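Note sheet for the following structure.
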Amino acid sequence: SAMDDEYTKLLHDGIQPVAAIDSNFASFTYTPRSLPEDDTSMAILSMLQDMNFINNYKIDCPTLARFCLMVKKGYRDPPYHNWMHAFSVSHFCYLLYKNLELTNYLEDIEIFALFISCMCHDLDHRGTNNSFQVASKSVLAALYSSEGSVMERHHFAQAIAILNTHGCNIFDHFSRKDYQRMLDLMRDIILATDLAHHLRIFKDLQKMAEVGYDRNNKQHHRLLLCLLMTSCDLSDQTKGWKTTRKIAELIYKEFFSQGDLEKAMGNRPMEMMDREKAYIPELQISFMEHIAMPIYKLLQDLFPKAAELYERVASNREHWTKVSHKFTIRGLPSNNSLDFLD
Ligand SMILES: Cc1cc([C@@H]2CN(C(=O)c3ccc(F)c(Cl)c3)CC(F)(F)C2)n2ncnc2n1
Ligand SMILES: [Mg+2]
Ligand SMILES: [Zn+2]
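Residues in the sequence shown are numbered from 576 upward in steps of one, following the deposited numbering.
As structure tokens, then:
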């Protein structure tokens with residue numbers, strides 16, 4: 576059994592120091608997709624140890640090894656929504672902790688919940704969005720369509736199922752109230768990964784950033800948790816252009832596969848999921864300007880040590896406009912043929 580021997584080494588060999596993963600591992604310029612996937616469950620353990628969550632919460636090391644592997648194996652392999660997405664979303668969360676002094680804004684448990692939520696937040700993604708679940712009358716829609724945030728409810732429920740698999744409940748020693756609190760946090764944080772929820776609360780995040788964050792305001796804690804989670808989720812866009820170019824290819828590969836399925840069901844896909852209508856520079860610039868850039872500008876307004884992130888997102892947004900001409904075929908295709916016109 577494969578998870579068996581991976582669990583054995585991950586448990587008995589010990590936790591590698593975070594600096595022995597990469598000497599810039601804790602830096603905003605690091606690209607965690609560079610880490611071989613075979614190294615990521617150990618990196619997860621290193622970060623959890625480096626943030627002192629293992630010690631502070633007395634996590635059982637056998638239980639935690641089993642947890643991290645179950646979570647890794649709970650992801651499928653679509654182009655974007657796979658375990659390396661969840662790993663790099665988790666890594667950004669760690670970066671926020673190492674760079675933004677989160678302990679002056681959030682309780683220890685909420686910071687713990689964010690990280691765990693990041694590992695869990697796309698569990699069992701099938702490469703399709705919420706509209707498709709309803710359109711295709713999928714089992715998930717039959718469970719959750721009346722509540723909304725179908726996939727994100729499924730992600731949460733998958734995280735609970737992992738917690739309810741014997742030997743995997745890293746929380747099962749918590750006080751009854753702390754346990755309820757952590758699962759409640761995880762619900763709130765995963766559900767915030769629905770961009771429809773982010774977009775619903777944007778004015779409140781705006782309003783919170785303008786008056787200033789009130790450490791004593793419980794609703795500010797929730798709002799801030801949702802913004803940090805979204806910032807982890809879109810964090811691919813805060814790295815160099817090449818990362819974002821590769822990530823754009825993964826996303827559009829995923830969307831266009833969904834759009835192909837929708838056409839094979841008689842539905843006109845969204846322009847962004849239809850490979851015969853999607854103009855990728857247009858869409859990316861729209862996504863960066865209307866969604867990506869405002870999230871990091873809000874992150875910057877709350878944490879000034881986060882300016883570099885927003886400036887990265889803005890740089891990448893402007894590189895899309897620069898390379899947009901390259902989607903126009905000049906001269907002949909490199910094979911010298913115009914057969915593609917027929
Ligand atoms: C890090 C990152 C993440 C996402 C997406 C954004 N998402 C959307 O629904 C979406 C909404 C409006 C858009 F204009 C587009 Cl293009 C997509 C949800 C998702 F697919 F899960 C991840 N993108 N998309 C393009 N570059 C991205 N970079
Ligand atoms: Mg998601
Ligand atoms: Zn995600």
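For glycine and all other residues, C-beta sits at the position ideal for the given N, C-alpha and C.
Between the CA atoms of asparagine 792 and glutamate 682 - distance to the nearest angstrom: 12 Å
At least 3 beta-carbon pairs within less than 8 Å: the stretch 851-865 vs the stretch 725-732: no
Residue environment, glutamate 722, which counts as buried when at least 16 other CB atoms sit within 10 Å: exposed
Look up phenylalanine 731 in the DSSP assignment and say whether it is helix, strand or coil. helix
Is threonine 818 near ligand 3, judged by its Cβ being under 8 Å from some heavy atom? no
Rounded to the nearest angstrom, how far is the Cβ of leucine 644 from that of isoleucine 745, given a contact under 8 Å? With a Cβ gap of about 12 Å, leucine 644 and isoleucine 745 do not count as contacting.
What does a CB cutoff of less than 7 Å around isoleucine 776 pick up in its chain, not counting 5 residues either side in sequence? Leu798, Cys801
Sequence-distant residues of its chain with Cβ nearer than 8 Å to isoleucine 737 (five each side left out): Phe642, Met645, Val646, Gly649, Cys695, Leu698, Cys743
Considering only heavy atoms of ligand 1, does any lie closer than 8 Å to the CB of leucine 670? no
My output table needs one value for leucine 681: the three-state DSSP class, helix, strand or coil. coil
Buried or exposed: where does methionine 761 fall if 16 or more other Cβ atoms within 10 Å of its Cβ makes it buried? buried
Can you tell which of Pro654, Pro611, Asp597, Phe600 has the C-alpha that lies nearest to the C-alpha of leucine 825? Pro654
Is the number of C-beta pairs between the stretch 604-614 and the stretch 625-633 that are closer than 8 Å three or more? no
Write down the C-beta distance between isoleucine 590 and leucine 620 rounded to the nearest angstrom, noting that I regard them as a contact closer than 8 Å. 5 Å
Taking 8 Å as the cut-off, is the C-beta of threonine 768 nearer than that to any heavy atom in ligand 2? yes
Report all residues from its chain with a CB closer than 6 Å to the CB of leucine 884; omit the five preceding and five following residues, and keep chain order. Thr813, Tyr871
Could you tell me which of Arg701, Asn674, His700, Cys668 sits nearest to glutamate 685, measuring between CA atoms? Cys668
Please confirm if the stretch 664-680 is in contact with the stretch 803-813, defined as three or more CB-CB distances below 8 Å between the two stretches. yes
Quick one: Cα of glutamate 837 to Cα of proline 844, how far? 6 Å
State the start and end residues of the unbroken alpha helix (DSSP H) segment that holds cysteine 743. Taken as a continuous stretch (DSSP letters only), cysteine 743 belongs to no alpha helix (DSSP H), as it is neither H nor E.
For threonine 819, the first and last residue of its enclosing alpha helix (DSSP H): 816-838
Residue closest to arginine 756, alpha-carbon to alpha-carbon, out of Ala688, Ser713, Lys712, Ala784: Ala688
With H, G and I counted as helix, E and B as strand and the rest as coil, what does DSSP make of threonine 813? helix
Please state whether DSSP places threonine 606 in a helix, a strand or coil. coil
Between the Cα of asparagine 679 and the Cα atoms of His795, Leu858, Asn739, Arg790, which residue gives the shortest distance? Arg790
Measuring CB to CB, does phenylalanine 600 end up less than 9 Å from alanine 594? yes
Report yes if the CB atom of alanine 867 is closer than 9 Å to the CB atom of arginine 905, and no otherwise. no
Nearest-angstrom Cα separation, counted from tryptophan 658 out to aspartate 579: 19 Å
Among the residues of its own chain, which have a CB less than 6 Å from the CB of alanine 881, if the five just before and after it don't count? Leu874, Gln875
Less than 9 Å separating the beta-carbons of residue 548 and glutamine 859? This structure cannot speak to residue 548, because the chain is shown only from 576 to 917.
Helix, strand or coil: how does DSSP classify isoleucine 634 here? coil
At the level of alpha carbons, what is the spacing between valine 898 and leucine 675? 33 Å
Would you call the CB atoms of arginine 651 and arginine 701 closer than 9 Å? yes
Please determine whether the Cβ atom of residue 946 lies at a distance below 8 Å from any heavy atom of ligand 2. Any property of residue 946 remains undetermined from this structure, which presents the chain solely from 576 to 917.
Would DSSP call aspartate 588 helix, strand or coil? coil
Who are the near neighbours of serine 720 in its chain, counting only those whose CB is closer than 8 Å to its CB and skipping five residues on each side? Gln708, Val709
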